[PDB]
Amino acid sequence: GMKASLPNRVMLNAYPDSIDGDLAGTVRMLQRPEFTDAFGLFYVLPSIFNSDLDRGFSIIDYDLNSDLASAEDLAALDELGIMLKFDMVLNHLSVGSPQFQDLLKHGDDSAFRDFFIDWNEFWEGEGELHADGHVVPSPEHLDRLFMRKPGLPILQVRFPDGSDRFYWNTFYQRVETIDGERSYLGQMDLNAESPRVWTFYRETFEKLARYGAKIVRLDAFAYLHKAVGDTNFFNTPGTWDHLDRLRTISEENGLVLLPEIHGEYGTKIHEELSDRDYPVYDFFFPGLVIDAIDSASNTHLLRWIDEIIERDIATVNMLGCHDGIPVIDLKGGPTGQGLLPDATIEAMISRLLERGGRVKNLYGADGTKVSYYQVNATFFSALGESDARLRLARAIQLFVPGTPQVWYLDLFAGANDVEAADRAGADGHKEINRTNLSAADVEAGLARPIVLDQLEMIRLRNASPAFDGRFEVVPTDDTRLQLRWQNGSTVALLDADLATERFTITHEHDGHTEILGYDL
């Protein structure tokens, strides 16, 4: 099964240039003694490929960006025993991609005339034309539309016959002008009904497998299927049909599929994905662990831990990542109940804002905000810039079921990068949590307890066979958390106290008992 194929190793996560300018910089760091056998997985963000906008997620092609990465870096990571996780950004390609450039060059004669989505074609007979030339969907359709920005998800482009056409653009765009020249970049949505797109998916899977990929992340997968009259967020059954088709291709290359979906807990999308034998991200744990630590109570976190076991959910969990801390994910959806009460989520957002966080909301086409979505902040800052809270969150993360993803910047306890978040010309508030580190930063960090203590726990989690065995929550009062893994005679026990923020890790292996602890 695919869930069972998810490797249970600790997974590093970073941009190829997060450490000393390029992926060779991360390799050199990984070759240090402190990092020996720390990670068996590495999710390298998509700027490892040729790309422009959205720091890697506007893909030109899936060859490596030679400024930042090479096949020699991948061989060096394989030498270290590190398997790879990469994106397939299957919902869209850059305007600068060869497919879209061919569309702009040959227009209606292009072999890719059906590869992307002409907006006015898509909505033909389902809306009135705006003065600007684009089709405004009828109110019945526009209401249902899930929107990741104000206005419509369209970019106007220039075809070789001199016409201006509107192409579907759910996410980023850039429009530059001077004298007579209008240039544009953007993430142009792919037509999932096109056999050419599916041929590109298969070739891309083969390319990623050749690079040494073991996991392929289906970026923004819920947005792929589009249909007049639907919301275009996880449309069904269309989204399931696309996923099963990808699954087949994935299996032919020996790859594990991990669809990225920020569904509200109360929709139970994560349960449906798991029941269909797909691993999922754990976007509930980040907020739950903050709430558990901020309140010194395990009640909400334990409930979610119990459902992972009861529902047999294979996850990739995390503290921070390249996006913000998910908060909408904790809600109950349209009718259901969330993992934290609405009021508890909002109060957590307020605290995170007091700690320098910056909220990121969702807005409908009519401009009215729908809800908070994420909170942009480093996890170190989200926890009040306390080494003890970050050590505790890491320890809990490593003992919860699931593959633990480690954000490079949390490993080095980076605080909010306020300067980067406000810099004119930067990517905005997500920069608060994307600081690039030098080799010097790395060195100085390897003398810090907050970095070394995390690495000691990481190396244990990545190597001990205990975590390949049975998981158990040892009953305690609600201010403590005692998590136990046993594989035959090998036992790993986390005994944590949320009130005092103290904890110890006991590891029994080959009759030898060693204790990890960072307070005494």
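One-based numbering along the sequence shown.
J.: Determine, for stretches 18-26 and 506-514, which one has the higher mean CA B-factor as deposited.
T.: Comparing 18-26 with 506-514, the higher mean C-alpha B-factor belongs to 506-514.
J.: When the Cα temperature factors in the entry are averaged, is it 151-159 or 390-398 that ends up higher?
T.: Comparing 390-398 with 151-159, the higher average CA B-factor belongs to 151-159.
J.: If you compare 229, 320, 326, 186, which has the highest Cα B-factor in the entry?
T.: Among 229, 320, 326, 186, the highest C-alpha B-factor in the entry belongs to 229.
J.: Choose from 296, 446, 224, 243 the residue with the greatest Cα B-factor as stated in the PDB record.
T.: Result of the comparison over 296, 446, 224, 243: 446.
J.: Compare the C-alpha B factor of residue 355 with those of the other modelled residues in its chain, then answer lowest, middle or highest third.
T.: It falls in the middle third of the chain.
J.: Grab the CA temperature factor for residue 475 from the record and place it in the lowest, middle or highest third of its chain.
T.: CA B-factor rank for residue 475: highest third.
J.: In terms of the chain's CA B-factor thirds, is residue 282 lowest, middle or highest?
T.: Answer is lowest: the recorded C-alpha B-factor places it there.
J.: Lowest, middle or highest third: where is residue 265 by Cα B-factor in its chain?
T.: Middle third - that is where residue 265 ends up once the chain's C-alpha B-factors are sorted.
J.: What third of its chain's C-alpha B-factors does residue 90 belong to: lowest, middle or highest?
T.: Answer is lowest: the recorded C-alpha B-factor places it there.
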